[PDB]
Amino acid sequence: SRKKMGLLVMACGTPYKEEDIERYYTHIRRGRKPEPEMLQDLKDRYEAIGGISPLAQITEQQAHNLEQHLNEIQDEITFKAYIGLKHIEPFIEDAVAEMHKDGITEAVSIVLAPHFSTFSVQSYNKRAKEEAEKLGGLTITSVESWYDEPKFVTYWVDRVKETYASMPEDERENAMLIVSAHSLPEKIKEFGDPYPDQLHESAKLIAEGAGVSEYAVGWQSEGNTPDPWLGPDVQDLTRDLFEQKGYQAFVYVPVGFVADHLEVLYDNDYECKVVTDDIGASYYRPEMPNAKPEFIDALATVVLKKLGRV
């Protein structure tokens, strides 16, 4: 009756407990174990943002709710979700091997990052497809980007509108919206990587839908290699825009991220908040989509559009 398909949901991964910080960051650092002071600092950061455990549940909740919602809203396909992570188990290759073992022959994949880049999305999709080729008997159709799905734009538009509506009059008249994603090396431009263009278009679409005429695009969370990374960084951008025009409120939409993790709860809600507190501006950062129903319905529409079924 219903056609069976795998639903491969890919994400960065998180530690599952404090004793996973060493192995998770060693993998991010390409085999270089963090020094003891860095391990201690990371433990402190996770404690300050409320703990690791809640963060580690979000991708699983996203994948489970997406599977169930997709199976309810149409009658042709029965999806089974499999989670594949970049930096901790279950890895991408573990998920594809499990699909193969379970008898899946046809799958659709989606990365829980809305903008395509050559560093992340393309690498996830290539890893998944290479593992399927090695095992045989299984093919994967991969979503490449989805930042322009109207239901996803509307998620952020409605959160921005609520934040502006909640402001005092003086803030509402002297506010700045900063839309951001995770920085990458500038060298991606040598490949024509559309990641920067897609961030700028996300920003255009969200500001336009919310009616916000004053906005800026920034980057966050750059690494420390000697080569230049995409900027400006959100901390510098905030201070610069303040020094130019004296905004009384900054609103942060880190549209490249879809789930609470350190790079939002720390790199925005601590590091950007340090800057806004220092300059006397109010700080707002609306909620990440996490596994909320409005977001799950946007993802389900992305998948069904990719398969040509809506």
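Counting begins at 1, following the sequence as shown.
May I ask you to compare 109-117 and 188-196 by their mean CA B factor in the entry and name the higher one?
-> Per the PDB record, 188-196.
Should the higher mean CA B-factor in the entry be assigned to 84-92 or to 233-241?
-> For C-alpha atoms only, the mean B-factor is higher in 233-241.
Of the options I49, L70, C272, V258, which has the highest CA B factor as deposited?
-> Answer for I49, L70, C272, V258: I49, with the highest C-alpha B-factor.
Check the PDB entry and point out which of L66, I28, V253, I279 has the largest C-alpha temperature factor.
-> Spelled out: the listed residue with the top C-alpha B-factor is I279.
Entry-reported Cα temperature factor of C12, expressed as the chain third it lands in = According to the entry, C12 has a C-alpha B-factor in the chain's highest third.
Chain thirds of CA B-factor: placement of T78 | It falls in the middle third of the chain.
CA B-factor placement of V160, once the chain's modelled residues are sorted into thirds = CA B-factor rank for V160: middle third.
Would you mind checking where the Cα B-factor of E144 ranks among the modelled residues of its chain, as the lowest, middle or highest third?
-> Lowest third - that is where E144 ends up once the chain's C-alpha B-factors are sorted.
In terms of the chain's CA B-factor thirds, is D170 lowest, middle or highest?
-> For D170, whose C-alpha B-factor we compare with every modelled residue in the chain, the answer is the highest third.
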